[PDB]
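Labels below follow one simple rule: chain letters A, B, ... track the order of the sequence lines, proteins then strands, and each chain is numbered from 1.
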Amino acid sequence: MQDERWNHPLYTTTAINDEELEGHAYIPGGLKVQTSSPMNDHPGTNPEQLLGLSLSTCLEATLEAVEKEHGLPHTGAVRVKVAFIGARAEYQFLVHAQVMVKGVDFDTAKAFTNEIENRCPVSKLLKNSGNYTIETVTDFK
Amino acid sequence: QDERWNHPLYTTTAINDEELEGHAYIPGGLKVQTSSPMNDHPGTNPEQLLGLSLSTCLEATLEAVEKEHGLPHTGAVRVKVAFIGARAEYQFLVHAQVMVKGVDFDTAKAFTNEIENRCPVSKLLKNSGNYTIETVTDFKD
């Protein structure tokens, strides 16, 4: 509104949560997920998981675009770990992404990781958080 | 070596190892179909997943704040996410809207301020320059 970057986006969506901790979150017209506290064993997802799903997907999409700009097939994969830390009124999330590119030498995988770190929208939102790290790996084993 | 990773409350991991028309998953947990937001194919996307994460986190934080004030849980949170930009210049914008049906607007605003400061996903986004939050009385428009 004040921020005129909202005036004509490429795409917009919305998400709602209007339930108790043991509840659901949903995209109106779209995906609904069961949610629950990460501190119990009940079925359901949580913000930590949902954030990891968001970032891993965004990084992977960005990596696919980079691969294509280099004339390469898609052989990349991303794993994101999210940690919940702290105490009442002092809670934080930590986020650590791992990027692999199976098709290529490690130096190329590292270069692509640097490229995607700079381009991925979710990565950019977390850049200044103090809580986000990213690395290149050869596998997730 | 960030020591905050040493003994967390909870950790999880998310993977995306597929094409844009693919899936993301939590090992042993939720798997979601994904797709580009720029087509009409089935599947979620990073924008949606981020909205689900933040709306859920804000709502959970709000539930704690309501309880601290001895009020029932009447809150609801909607998060809008926009995709803007161009090749190698893409960003997301995030706008949270918080309602607390059981209380007057000044109280709803006060609670919104409290959750903005406590919600882990909100804190991650604080320094992004792309995240705003407001108090509302409904989700019109």
Which residues pass the side-chain hydrogen bond (donor to acceptor under 3.5 Å, both in side chains) test with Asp40(B), sequence neighbours left out? none
How long is the span from the CD atom in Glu47(B) to the CG atom in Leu10(A), to the nearest 0.5 Å? 9.5 Å
Among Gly86(A), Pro28(A), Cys120(A), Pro43(A), single out the residue with the greatest number of heavy-atom pairs under 4.5 Å to chain B. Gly86(A)
Are any of the side-chain heavy atoms of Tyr11(A) and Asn45(B) separated by less than 4.5 Å? yes
Are the charged groups of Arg87(B) and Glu69(A) less than 4.0 angstrom apart, N to O? yes
Contact origin within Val94(B) toward chain A - heavy atom pairs under 4.5 Å: both
Test side-chain hydrogen bond (donor to acceptor under 3.5 Å, both in side chains) applied to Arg5(A) and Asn130(B), step by step: CA-CA 9 Å; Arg5(A) 299 180 298 164; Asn130(B) 288 17; 2.9 Å; yes
If you group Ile, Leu, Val, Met, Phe, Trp and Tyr by side-chain heavy-atom gaps below 4.5 Å, do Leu72(A) and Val99(A) land in one group? yes
Note, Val33(A) side chain near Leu30(B) side chain (heavy atom, < 4.5 Å): yes
In terms of heavy-atom pairs under 4.5 Å with chain B, which of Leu51(A), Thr62(A), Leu59(A), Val80(A) leads? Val80(A)
Quick one: of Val66(A), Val82(A), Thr12(A), who has the most non-hydrogen atom pairs under 4.5 Å with chain B? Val82(A)
Would you find a donor on one side and an acceptor on the other, under 3.5 Å apart, between the side chain of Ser53(B) and the backbone of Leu50(A)? no
Is a side-chain donor or acceptor of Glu63(B) paired with a backbone partner of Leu21(A) at a separation under 3.5 angstrom? yes
Between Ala89(A), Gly23(A), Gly30(A), who has the most heavy-atom pairs with chain B when the cutoff is under 4.5 Å? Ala89(A)
Quick one: of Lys127(A), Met39(A), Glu90(A), who has the most non-hydrogen atom pairs under 4.5 Å with chain B? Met39(A)
Part of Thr44(B) lying under 4.5 Å from any heavy atom of chain A: side chain
Of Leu125(B), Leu54(B), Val77(B), the largest count of non-hydrogen pairs under 4.5 angstrom with chain A goes to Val77(B)
Can you tell which part of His96(A) gets under 4.5 Å to a heavy atom of chain B, answering side chain, backbone, both or neither? both
If you count heavy-atom pairs under 4.5 Å between each of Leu93(B), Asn127(B), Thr13(B) and chain A, which one has the most? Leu93(B)
For the candidates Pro38(A), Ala65(A), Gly52(A), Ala25(A), which exhibits the highest count of non-hydrogen atom pairs separated by less than 4.5 Å from chain B? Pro38(A)
Would you mind listing the cluster partners of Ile15(B)? Hydrophobic ones only (ILVMFWY), side-chain contacts under 4.5 Å, chaining allowed. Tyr25(B)
Smallest separation among heavy atoms of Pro9(A) and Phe83(B), with atom names: CB-O, 3.5 Å
Can you see which heavy atom on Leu53(A) is nearest to which on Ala14(B), and at what distance? N-CB, 3.4 Å
Measuring from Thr133(A):OG1 to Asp2(B):CG, what's the distance to the nearest 0.5 Å? 7.5 Å
One should read off an interatomic distance between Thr35(A) OG1 and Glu59(B) CD, to the nearest 0.5 angstrom, of 9.0 Å
What residue, out of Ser122(B), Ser55(B), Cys57(B), has the most heavy-atom pairs lying under 4.5 Å from chain A? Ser55(B)
Would you say that more than 12 heavy atoms from the other residues, nucleotides or ligands in this model lie under 6.0 Å from the CD of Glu20(A), or not? no
I'd like to check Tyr131(B) versus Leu125(A) (side-chain heavy atoms, cut-off strictly below 4.5 Å). Are they in contact? no
Give a yes or no on whether the backbone of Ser128(B) and the side-chain of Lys124(A) come within a donor-acceptor separation of less than 3.5 Å. no
State yes or no: do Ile134(A) and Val101(A) share one hydrophobic cluster built from I, L, V, M, F, W and Y residues joined by side-chain heavy-atom distances below 4.5 Å, directly or via other members? yes
